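This is query14.txt (compact mmCIF, C-alpha atoms (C1' of nucleotides)).
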# COMPACT_ATOMS: atom_id res chain seq x y z
CA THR V 171 -32.07 -32.28 9.94
CA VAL V 172 -31.78 -35.30 12.25
CA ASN V 173 -29.37 -36.26 15.05
CA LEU V 174 -27.91 -39.80 15.04
CA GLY V 175 -27.12 -39.49 18.76
CA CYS V 176 -23.57 -40.87 18.67
CA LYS V 177 -20.08 -40.06 17.37
CA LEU V 178 -18.88 -41.74 14.17
CA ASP V 179 -15.77 -42.25 12.06
CA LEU V 180 -16.43 -40.62 8.69
CA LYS V 181 -13.27 -41.98 7.04
CA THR V 182 -14.43 -45.55 7.79
CA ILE V 183 -17.88 -44.58 6.51
CA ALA V 184 -16.28 -43.17 3.35
CA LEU V 185 -14.29 -46.40 3.04
CA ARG V 186 -17.33 -48.65 3.55
CA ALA V 187 -20.05 -46.70 1.69
CA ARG V 188 -20.62 -47.04 -2.06
CA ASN V 189 -22.59 -43.87 -2.73
CA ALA V 190 -20.59 -41.33 -0.73
CA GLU V 191 -17.51 -39.07 -0.72
CA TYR V 192 -15.25 -37.54 1.92
CA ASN V 193 -12.64 -34.77 1.86
CA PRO V 194 -11.26 -33.28 5.13
CA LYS V 195 -9.26 -30.78 3.07
CA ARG V 196 -12.51 -29.54 1.51
CA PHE V 197 -15.25 -29.93 4.13
CA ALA V 198 -15.77 -31.65 7.47
CA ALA V 199 -18.94 -33.63 6.72
CA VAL V 200 -19.27 -36.79 4.62
CA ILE V 201 -21.58 -36.52 1.59
CA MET V 202 -24.11 -39.26 0.80
CA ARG V 203 -26.76 -39.54 -1.96
CA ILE V 204 -29.46 -42.19 -2.51
CA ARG V 205 -31.75 -42.85 -5.48
CA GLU V 206 -34.75 -43.22 -3.17
CA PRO V 207 -36.77 -40.00 -3.62
CA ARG V 208 -33.37 -38.91 -4.91
CA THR V 209 -31.76 -36.99 -2.04
CA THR V 210 -28.44 -36.01 -0.43
CA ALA V 211 -27.22 -36.06 3.20
CA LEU V 212 -24.57 -34.28 5.31
CA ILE V 213 -23.19 -36.36 8.20
CA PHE V 214 -21.12 -34.67 10.92
CA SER V 215 -18.58 -36.26 13.27
CA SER V 216 -20.61 -34.69 16.09
CA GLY V 217 -23.53 -37.04 15.44
CA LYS V 218 -25.78 -34.61 13.60
CA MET V 219 -26.92 -35.19 10.04
CA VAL V 220 -28.76 -33.04 7.51
CA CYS V 221 -31.03 -34.34 4.73
CA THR V 222 -32.03 -32.35 1.62
CA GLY V 223 -33.71 -32.91 -1.74
CA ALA V 224 -36.89 -34.79 -0.83
CA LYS V 225 -40.12 -33.59 -2.46
CA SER V 226 -42.21 -34.41 0.61
CA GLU V 227 -41.82 -34.51 4.40
CA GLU V 228 -42.74 -38.20 4.62
CA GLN V 229 -40.12 -39.11 2.01
CA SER V 230 -37.53 -36.98 3.84
CA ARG V 231 -38.40 -38.80 7.05
CA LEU V 232 -38.20 -41.92 4.91
CA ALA V 233 -34.78 -41.01 3.47
CA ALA V 234 -33.33 -40.09 6.90
CA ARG V 235 -34.50 -43.45 8.25
CA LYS V 236 -32.81 -45.12 5.26
CA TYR V 237 -29.59 -43.24 6.11
CA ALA V 238 -29.89 -44.32 9.73
CA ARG V 239 -30.33 -47.83 8.31
CA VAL V 240 -27.06 -47.92 6.29
CA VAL V 241 -25.20 -46.46 9.32
CA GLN V 242 -26.59 -49.34 11.42
CA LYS V 243 -25.56 -51.72 8.64
CA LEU V 244 -22.01 -50.35 8.96
CA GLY V 245 -22.05 -51.59 12.55
CA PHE V 246 -22.63 -48.23 14.18
CA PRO V 247 -25.23 -47.61 16.93
CA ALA V 248 -27.45 -45.30 14.84
CA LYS V 249 -30.53 -43.72 16.42
CA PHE V 250 -33.44 -41.88 14.79
CA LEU V 251 -33.50 -38.90 17.15
CA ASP V 252 -34.50 -35.23 16.82
CA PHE V 253 -35.91 -35.34 13.27
CA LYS V 254 -37.21 -31.94 12.15
CA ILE V 255 -38.03 -30.14 8.91
CA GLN V 256 -35.99 -26.94 8.69
CA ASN V 257 -37.04 -25.48 5.34
CA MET V 258 -39.43 -26.02 2.43
CA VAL V 259 -39.22 -24.70 -1.13
CA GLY V 260 -42.07 -24.39 -3.61
CA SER V 261 -42.91 -22.92 -7.00
CA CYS V 262 -45.71 -22.33 -9.53
CA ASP V 263 -46.56 -20.30 -12.64
CA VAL V 264 -49.39 -17.90 -13.52
CA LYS V 265 -49.00 -17.96 -17.34
CA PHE V 266 -48.97 -14.17 -17.98
CA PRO V 267 -46.41 -11.32 -18.08
CA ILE V 268 -46.42 -8.88 -15.15
CA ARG V 269 -45.65 -5.32 -14.05
CA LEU V 270 -42.60 -5.32 -11.74
CA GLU V 271 -41.72 -1.60 -11.66
CA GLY V 272 -45.24 -0.99 -10.33
CA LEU V 273 -45.11 -3.82 -7.79
CA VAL V 274 -41.85 -2.43 -6.38
CA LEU V 275 -43.36 1.07 -6.45
CA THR V 276 -46.50 0.04 -4.55
CA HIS V 277 -44.69 -2.31 -2.16
CA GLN V 278 -41.47 -0.33 -1.64
CA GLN V 279 -41.30 -1.40 2.02
CA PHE V 280 -40.93 -5.10 1.17
CA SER V 281 -39.69 -5.43 -2.40
CA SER V 282 -36.04 -5.10 -3.37
CA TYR V 283 -35.99 -5.45 -7.15
CA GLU V 284 -32.49 -5.36 -8.55
CA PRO V 285 -32.74 -5.88 -12.33
CA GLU V 286 -29.03 -5.26 -12.65
CA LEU V 287 -27.96 -8.07 -10.33
CA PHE V 288 -30.48 -10.91 -10.00
CA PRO V 289 -33.08 -10.93 -12.80
CA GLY V 290 -36.11 -11.39 -10.59
CA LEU V 291 -37.84 -9.40 -7.88
CA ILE V 292 -37.18 -10.40 -4.28
CA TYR V 293 -40.31 -10.17 -2.10
CA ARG V 294 -40.06 -10.60 1.66
CA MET V 295 -43.45 -11.58 3.13
CA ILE V 296 -43.89 -11.16 6.90
CA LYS V 297 -47.03 -13.25 7.39
CA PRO V 298 -45.69 -16.83 7.40
CA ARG V 299 -42.44 -14.93 6.95
CA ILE V 300 -41.57 -16.21 3.50
CA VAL V 301 -39.10 -15.13 0.82
CA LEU V 302 -40.37 -15.01 -2.76
CA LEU V 303 -38.69 -14.76 -6.14
CA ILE V 304 -40.90 -13.41 -8.90
CA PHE V 305 -39.84 -13.36 -12.56
CA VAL V 306 -41.19 -11.34 -15.49
CA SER V 307 -42.46 -14.52 -17.23
CA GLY V 308 -44.80 -15.06 -14.29
CA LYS V 309 -42.94 -17.88 -12.57
CA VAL V 310 -42.74 -17.72 -8.78
CA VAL V 311 -40.46 -19.44 -6.28
CA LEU V 312 -40.93 -19.48 -2.49
CA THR V 313 -38.67 -20.35 0.45
CA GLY V 314 -38.36 -19.94 4.23
CA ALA V 315 -41.39 -22.14 4.86
CA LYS V 316 -41.72 -24.72 7.63
CA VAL V 317 -45.08 -26.12 6.48
CA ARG V 318 -46.96 -26.34 3.17
CA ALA V 319 -49.81 -24.15 4.44
CA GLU V 320 -47.44 -21.18 4.69
CA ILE V 321 -46.74 -21.51 0.95
CA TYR V 322 -50.42 -21.64 0.00
CA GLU V 323 -51.15 -18.77 2.40
CA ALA V 324 -48.22 -16.63 1.19
CA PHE V 325 -49.31 -17.36 -2.40
CA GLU V 326 -52.97 -16.77 -1.55
CA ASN V 327 -51.93 -13.30 -0.40
CA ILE V 328 -49.78 -12.50 -3.45
CA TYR V 329 -51.81 -14.00 -6.34
CA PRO V 330 -54.51 -11.33 -6.56
CA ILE V 331 -51.90 -8.54 -6.55
CA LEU V 332 -49.93 -10.28 -9.32
CA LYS V 333 -53.01 -10.88 -11.54
CA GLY V 334 -53.74 -7.19 -10.93
CA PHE V 335 -50.51 -6.21 -12.69
CA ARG V 336 -51.10 -8.53 -15.66
CA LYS V 337 -49.96 -7.30 -19.07
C1' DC W 1 87.25 20.92 88.55
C1' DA W 2 86.57 24.24 85.06
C1' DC W 3 86.91 25.93 80.34
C1' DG W 4 86.79 25.01 75.38
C1' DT W 5 84.82 22.39 71.50
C1' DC W 6 81.57 19.21 69.23
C1' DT W 7 76.90 17.58 68.70
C1' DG W 8 71.88 17.73 69.29
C1' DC W 9 67.42 20.26 70.13
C1' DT W 10 64.46 24.35 69.87
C1' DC W 11 62.95 28.83 68.16
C1' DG W 12 62.69 31.31 64.03
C1' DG W 13 62.75 32.02 59.11
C1' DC W 14 61.59 30.26 54.55
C1' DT W 15 59.50 27.16 51.00
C1' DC W 16 55.68 24.83 49.13
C1' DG W 17 51.10 23.60 48.45
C1' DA W 18 46.20 24.35 49.19
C1' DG W 19 42.76 27.56 49.51
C1' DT W 20 40.07 31.83 48.17
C1' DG W 21 38.81 34.87 45.17
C1' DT W 22 39.22 38.72 40.27
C1' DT W 23 39.40 38.94 35.43
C1' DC W 24 37.57 37.70 30.85
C1' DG W 25 35.98 35.23 26.93
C1' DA W 26 31.78 32.75 25.87
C1' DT W 27 26.81 31.85 25.65
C1' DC W 28 22.12 33.24 26.02
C1' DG W 29 17.52 36.00 26.25
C1' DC W 30 14.40 39.85 24.73
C1' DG W 31 12.37 43.66 22.36
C1' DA W 32 11.03 46.05 17.44
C1' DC W 33 4.26 50.54 13.45
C1' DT W 34 0.15 51.01 10.58
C1' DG W 35 -3.66 48.78 8.01
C1' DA W 36 -4.81 48.79 3.91
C1' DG W 37 -9.87 45.66 1.27
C1' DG W 38 -10.41 40.44 1.82
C1' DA W 39 -10.73 35.60 1.25
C1' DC W 40 -12.21 30.05 2.10
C1' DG W 41 -10.22 26.38 1.71
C1' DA W 42 -6.49 22.10 3.24
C1' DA W 43 -5.89 17.57 5.27
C1' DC W 44 -4.41 13.76 8.49
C1' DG W 45 -2.07 11.56 12.90
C1' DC W 46 4.39 5.91 16.41
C1' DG W 47 2.97 1.05 13.92
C1' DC W 48 2.62 -3.63 14.87
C1' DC W 49 1.62 -7.78 17.22
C1' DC W 50 -0.83 -10.64 20.48
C1' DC W 51 -4.98 -11.84 22.77
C1' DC W 52 -9.55 -12.38 22.21
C1' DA W 53 -14.55 -11.93 21.16
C1' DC W 54 -17.90 -12.28 17.63
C1' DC W 55 -19.67 -13.06 13.29
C1' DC W 56 -18.73 -14.63 8.28
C1' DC W 57 -17.55 -18.14 4.96
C1' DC W 58 -17.51 -23.51 2.77
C1' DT W 59 -21.25 -27.45 1.08
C1' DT W 60 -25.81 -29.28 -0.93
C1' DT W 61 -30.70 -29.18 -3.24
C1' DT W 62 -33.94 -26.69 -6.95
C1' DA W 63 -36.60 -23.92 -10.05
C1' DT W 64 -35.62 -19.61 -12.29
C1' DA W 65 -32.87 -16.48 -15.76
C1' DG W 66 -29.85 -12.70 -17.62
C1' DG W 67 -24.81 -12.74 -17.99
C1' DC W 68 -20.58 -14.56 -19.48
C1' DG W 69 -16.18 -17.45 -20.29
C1' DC W 70 -14.33 -21.38 -23.07
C1' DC W 71 -14.06 -23.81 -27.02
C1' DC W 72 -15.47 -25.88 -31.24
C1' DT W 73 -16.48 -24.71 -35.87
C1' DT W 74 -16.50 -21.95 -39.96
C1' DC W 75 -15.06 -18.30 -42.91

Here is the file; what I need is its structure written in the form of structure tokens.
Amino acid sequence: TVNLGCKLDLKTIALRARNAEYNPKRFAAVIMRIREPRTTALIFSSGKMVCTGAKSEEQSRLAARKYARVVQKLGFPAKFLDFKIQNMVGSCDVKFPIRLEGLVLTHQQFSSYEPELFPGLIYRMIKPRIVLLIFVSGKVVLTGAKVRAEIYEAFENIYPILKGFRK
DNA sequence: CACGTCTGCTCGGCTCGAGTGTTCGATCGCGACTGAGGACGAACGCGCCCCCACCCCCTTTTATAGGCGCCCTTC
């Protein structure tokens, strides 16, 4: 997220902008999307904006600055204030099938495998407090992170266990 | 002025109305044994409306995947 520091007129924005859309009857924020690092932003009337989609923190800082740029170019007193990363998402694969019934058995306290509902196992780490999604093919997705190290650490913890249930 | 007669006032007798109290239909309240031989559950219960306080839901991005609805195509 980032705060622009001033109030704006989203309808004018919607009118001016070329890569945006606005619908008060649907949602309050105006939606913008740029090809740079290919991203999307949520701009509030309050002066707050949210930026998602970047594949690195520098490019997200880059994209947000680019958004602040087009807002300036509209004639508005944009300010790059209070920039902060709120979440990071990662994934990887291990290339082998795995034992999930066992994993949920041996980690009952954390796991919440629901094969009926969502196909993969939901694992809630409490180290760098991270949420993982593990699938039978071996693919793994991670979220809840604030820095890359938490992903490597959370994965560094889970990888031996997973190899240990290899089929 | 004196005596007799007519008219008006007072004492007494009578009528009427209010007051006090009896009779009688009507309503209401209370009581009615012994013991067999057990047999196990049934559920809620002015409601609605206003105020208000707090927490949920809508959107977007992405890899990941079993599930599934729509529709095009073929039999």

Would you mind reading off the distance between atom CA of residue 268 of chain V and atom CA of residue 304 of chain V, one decimal, in Å? 9.5 Å

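Near residue 285 of chain V, within a cut-off of 10 Å and counting only C-alpha atoms (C1' of nucleotides), sit the residues residues 270, 271 and 291 of chain V; 66 of chain W, with same-chain residues fewer than 6 positions away left out.
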
Enumerate, in order of chain and increasing residue number, the residues of chain V with an atom no farther than 8 Å from chain W, each with its shortest atom pair and distance in Å to one decimal, counting all atoms listed in the file, as CSV.
residue,atom,partner,partner_atom,distance
V:196,CA,W:58,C1',7.9
V:197,CA,W:58,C1',6.9
V:209,CA,W:61,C1',8.0
V:210,CA,W:60,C1',7.2
V:222,CA,W:61,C1',6.0
V:223,CA,W:61,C1',5.0
V:261,CA,W:63,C1',7.1
V:288,CA,W:66,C1',7.9
V:289,CA,W:66,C1',6.1
V:290,CA,W:65,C1',7.9
V:305,CA,W:64,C1',7.5
V:309,CA,W:64,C1',7.5
V:311,CA,W:63,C1',7.0

Nearest to residue 253 of chain V among V:273, V:241, V:292, V:219, with distances taken over all atoms listed in the file: which residue is it?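 Answer, going by the shortest atom-to-atom distance: V:219.
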
Near residue 193 of chain V, counting only C-alpha atoms (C1' of nucleotides), which residues have an atom at most 10 Å away, once you skip same-chain residues fewer than 4 positions from it, shown as a list in words?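 Here the qualifying residues turn out to be residues 180, 181, 184, 197, 198, 199, 200 and 201 of chain V.
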
Spatial neighbours of residue 182 of chain V, 12 Å, only C-alpha atoms (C1' of nucleotides), chain gap at least 5 places, as a CSV table (one decimal) with C-alpha atoms, keeping the file's coordinate frame:
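File produced: result_7.csv:
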chain,number,residue,atom,x,y,z
V,187,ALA,CA,-20.0,-46.7,1.7
V,188,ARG,CA,-20.6,-47.0,-2.1
V,190,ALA,CA,-20.6,-41.3,-0.7
V,191,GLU,CA,-17.5,-39.1,-0.7
V,192,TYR,CA,-15.2,-37.5,1.9
V,200,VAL,CA,-19.3,-36.8,4.6
V,215,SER,CA,-18.6,-36.3,13.3
V,241,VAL,CA,-25.2,-46.5,9.3
V,244,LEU,CA,-22.0,-50.4,9.0
V,245,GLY,CA,-22.0,-51.6,12.6
V,246,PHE,CA,-22.6,-48.2,14.2

What's the separation between atom CA of residue 317 of chain V and atom CA of residue 233 of chain V, in Å to one decimal place?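 Taking atom CA of residue 317 of chain V and atom CA of residue 233 of chain V, their separation equals 18.4 Å.
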
Expected answer as a ChimeraX atom specification: all residues with atoms within 12 Å of (-39.9, -24.0, -4.1), only C-alpha atoms (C1' of nucleotides): /V:223-226,257-263,300-304,309-318,320-322,325 /W:61-64

Which distance in Å separates atom CA of residue 329 of chain V and atom CA of residue 266 of chain V, to one decimal?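 Those two atoms sit 12.0 Å apart.
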
Step by step, gather every atom of segment 10-15 of chain W that the file lists, find the box along x, y and z that holds them, add 4 Å on each side, and finally give centre and edge lengths in Å to one decimal, as AutoDock Vina command-line options.
--center_x 62.0 --center_y 28.2 --center_z 60.4 --size_x 13.0 --size_y 15.7 --size_z 26.9

Taking the structure in the block just given, could you write segment 309-331 of chain V with N, CA, C and O atoms, as a PDB file, in the first residue's frame?
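This is the output file out26.pdb:
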ATOM      1  N   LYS V 309       3.538 -29.496  -5.596  1.00  0.00           N
ATOM      2  CA  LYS V 309       3.607 -28.047  -5.709  1.00  0.00           C
ATOM      3  C   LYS V 309       3.234 -27.406  -4.378  1.00  0.00           C
ATOM      4  O   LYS V 309       2.399 -27.918  -3.641  1.00  0.00           O
ATOM      5  N   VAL V 310       3.879 -26.289  -4.069  1.00  0.00           N
ATOM      6  CA  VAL V 310       3.673 -25.585  -2.810  1.00  0.00           C
ATOM      7  C   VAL V 310       3.518 -24.095  -3.033  1.00  0.00           C
ATOM      8  O   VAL V 310       4.273 -23.495  -3.784  1.00  0.00           O
ATOM      9  N   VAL V 311       2.525 -23.506  -2.380  1.00  0.00           N
ATOM     10  CA  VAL V 311       2.306 -22.067  -2.424  1.00  0.00           C
ATOM     11  C   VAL V 311       2.351 -21.513  -1.000  1.00  0.00           C
ATOM     12  O   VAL V 311       1.895 -22.156  -0.058  1.00  0.00           O
ATOM     13  N   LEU V 312       2.921 -20.321  -0.853  1.00  0.00           N
ATOM     14  CA  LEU V 312       3.070 -19.678   0.447  1.00  0.00           C
ATOM     15  C   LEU V 312       2.572 -18.231   0.441  1.00  0.00           C
ATOM     16  O   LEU V 312       2.754 -17.504  -0.537  1.00  0.00           O
ATOM     17  N   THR V 313       1.941 -17.826   1.540  1.00  0.00           N
ATOM     18  CA  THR V 313       1.476 -16.452   1.709  1.00  0.00           C
ATOM     19  C   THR V 313       1.504 -16.015   3.176  1.00  0.00           C
ATOM     20  O   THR V 313       1.677 -16.835   4.081  1.00  0.00           O
ATOM     21  N   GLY V 314       1.347 -14.713   3.397  1.00  0.00           N
ATOM     22  CA  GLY V 314       1.361 -14.142   4.734  1.00  0.00           C
ATOM     23  C   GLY V 314       2.697 -13.496   5.045  1.00  0.00           C
ATOM     24  O   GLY V 314       2.885 -12.914   6.113  1.00  0.00           O
ATOM     25  N   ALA V 315       3.627 -13.614   4.104  1.00  0.00           N
ATOM     26  CA  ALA V 315       4.993 -13.125   4.284  1.00  0.00           C
ATOM     27  C   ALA V 315       5.104 -11.609   4.158  1.00  0.00           C
ATOM     28  O   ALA V 315       4.328 -10.975   3.443  1.00  0.00           O
ATOM     29  N   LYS V 316       6.074 -11.033   4.863  1.00  0.00           N
ATOM     30  CA  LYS V 316       6.380  -9.613   4.731  1.00  0.00           C
ATOM     31  C   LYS V 316       7.746  -9.413   4.077  1.00  0.00           C
ATOM     32  O   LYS V 316       8.020  -8.359   3.504  1.00  0.00           O
ATOM     33  N   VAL V 317       8.596 -10.436   4.161  1.00  0.00           N
ATOM     34  CA  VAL V 317       9.911 -10.426   3.516  1.00  0.00           C
ATOM     35  C   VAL V 317      10.258 -11.795   2.937  1.00  0.00           C
ATOM     36  O   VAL V 317       9.806 -12.823   3.442  1.00  0.00           O
ATOM     37  N   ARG V 318      11.034 -11.794   1.855  1.00  0.00           N
ATOM     38  CA  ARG V 318      11.480 -13.030   1.211  1.00  0.00           C
ATOM     39  C   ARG V 318      12.081 -14.065   2.152  1.00  0.00           C
ATOM     40  O   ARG V 318      11.822 -15.257   1.993  1.00  0.00           O
ATOM     41  N   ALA V 319      12.865 -13.617   3.131  1.00  0.00           N
ATOM     42  CA  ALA V 319      13.534 -14.548   4.036  1.00  0.00           C
ATOM     43  C   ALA V 319      12.533 -15.458   4.740  1.00  0.00           C
ATOM     44  O   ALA V 319      12.806 -16.638   4.945  1.00  0.00           O
ATOM     45  N   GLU V 320      11.378 -14.912   5.108  1.00  0.00           N
ATOM     46  CA  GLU V 320      10.344 -15.711   5.756  1.00  0.00           C
ATOM     47  C   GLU V 320       9.858 -16.865   4.876  1.00  0.00           C
ATOM     48  O   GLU V 320       9.552 -17.941   5.386  1.00  0.00           O
ATOM     49  N   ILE V 321       9.800 -16.652   3.562  1.00  0.00           N
ATOM     50  CA  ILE V 321       9.493 -17.748   2.642  1.00  0.00           C
ATOM     51  C   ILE V 321      10.570 -18.826   2.616  1.00  0.00           C
ATOM     52  O   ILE V 321      10.258 -20.012   2.714  1.00  0.00           O
ATOM     53  N   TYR V 322      11.829 -18.419   2.485  1.00  0.00           N
ATOM     54  CA  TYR V 322      12.920 -19.389   2.451  1.00  0.00           C
ATOM     55  C   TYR V 322      13.002 -20.135   3.779  1.00  0.00           C
ATOM     56  O   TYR V 322      13.148 -21.352   3.800  1.00  0.00           O
ATOM     57  N   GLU V 323      12.908 -19.395   4.880  1.00  0.00           N
ATOM     58  CA  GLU V 323      12.853 -19.997   6.210  1.00  0.00           C
ATOM     59  C   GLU V 323      11.671 -20.954   6.421  1.00  0.00           C
ATOM     60  O   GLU V 323      11.866 -22.083   6.866  1.00  0.00           O
ATOM     61  N   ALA V 324      10.455 -20.509   6.116  1.00  0.00           N
ATOM     62  CA  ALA V 324       9.284 -21.386   6.211  1.00  0.00           C
ATOM     63  C   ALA V 324       9.411 -22.637   5.339  1.00  0.00           C
ATOM     64  O   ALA V 324       8.990 -23.724   5.734  1.00  0.00           O
ATOM     65  N   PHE V 325       9.999 -22.474   4.155  1.00  0.00           N
ATOM     66  CA  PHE V 325      10.258 -23.587   3.241  1.00  0.00           C
ATOM     67  C   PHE V 325      11.399 -24.469   3.734  1.00  0.00           C
ATOM     68  O   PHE V 325      11.359 -25.693   3.600  1.00  0.00           O
ATOM     69  N   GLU V 326      12.413 -23.831   4.306  1.00  0.00           N
ATOM     70  CA  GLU V 326      13.571 -24.526   4.851  1.00  0.00           C
ATOM     71  C   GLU V 326      13.165 -25.448   5.997  1.00  0.00           C
ATOM     72  O   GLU V 326      13.730 -26.530   6.169  1.00  0.00           O
ATOM     73  N   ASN V 327      12.189 -25.001   6.786  1.00  0.00           N
ATOM     74  CA  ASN V 327      11.539 -25.843   7.788  1.00  0.00           C
ATOM     75  C   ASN V 327      10.711 -27.017   7.250  1.00  0.00           C
ATOM     76  O   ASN V 327      10.727 -28.110   7.818  1.00  0.00           O
ATOM     77  N   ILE V 328       9.978 -26.785   6.165  1.00  0.00           N
ATOM     78  CA  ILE V 328       9.003 -27.763   5.682  1.00  0.00           C
ATOM     79  C   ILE V 328       9.553 -28.791   4.681  1.00  0.00           C
ATOM     80  O   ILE V 328       9.069 -29.922   4.620  1.00  0.00           O
ATOM     81  N   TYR V 329      10.557 -28.391   3.904  1.00  0.00           N
ATOM     82  CA  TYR V 329      11.179 -29.248   2.888  1.00  0.00           C
ATOM     83  C   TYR V 329      11.722 -30.618   3.340  1.00  0.00           C
ATOM     84  O   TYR V 329      11.469 -31.619   2.668  1.00  0.00           O
ATOM     85  N   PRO V 330      12.461 -30.684   4.466  1.00  0.00           N
ATOM     86  CA  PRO V 330      12.807 -32.048   4.887  1.00  0.00           C
ATOM     87  C   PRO V 330      11.596 -32.922   5.196  1.00  0.00           C
ATOM     88  O   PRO V 330      11.562 -34.061   4.729  1.00  0.00           O
ATOM     89  N   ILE V 331      10.647 -32.419   5.979  1.00  0.00           N
ATOM     90  CA  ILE V 331       9.431 -33.171   6.270  1.00  0.00           C
ATOM     91  C   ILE V 331       8.743 -33.694   5.005  1.00  0.00           C
ATOM     92  O   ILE V 331       8.395 -34.873   4.925  1.00  0.00           O
TER      93      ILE V 331
END
